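Any read-out appearing in this document is the output of simple, stated calculations on the displayed coordinates, not a laboratory observation.
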Amino acid sequence: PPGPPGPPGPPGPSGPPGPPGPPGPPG
Amino acid sequence: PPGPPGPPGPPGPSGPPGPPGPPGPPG
Amino acid sequence: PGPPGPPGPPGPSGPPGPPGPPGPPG
């Protein structure tokens with residue numbers, strides 16, 4: 001018979017960068 | 001005999017977006 | 001000798017991305 005399934009793969013890539021922060025306050 | 005284990009699985013999903021950046025500098 | 005087992009399952013999700021850049025100036 002076939003062997004058992006292999007183990008899980010490695011973790012995936014890092015996610016994308018977050019968005020820019022909010023504007024600084026007006027002068 | 002049972003065969004050997006299978007190969008490792010594929011890489012997982014990409015991770016989630018990062019957090020927003022900090023506020024910009026004041027005007 | 002038996003055949004190999006199937007591939008394993010997908011791995012974990014990757015870690016979060018880096019923070020975004022600072023926002024625009026006021």
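Close amide-amide hydrogen proximity is noted between B:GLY18 and A:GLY18, C:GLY17, each under 5 Å apart and 5 or more residues distant or on a separate chain (H modeled in the peptide plane; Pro and chain starts excluded). For chain A versus chain B, the inter-centroid distance based on Cα atoms is 3 Å.
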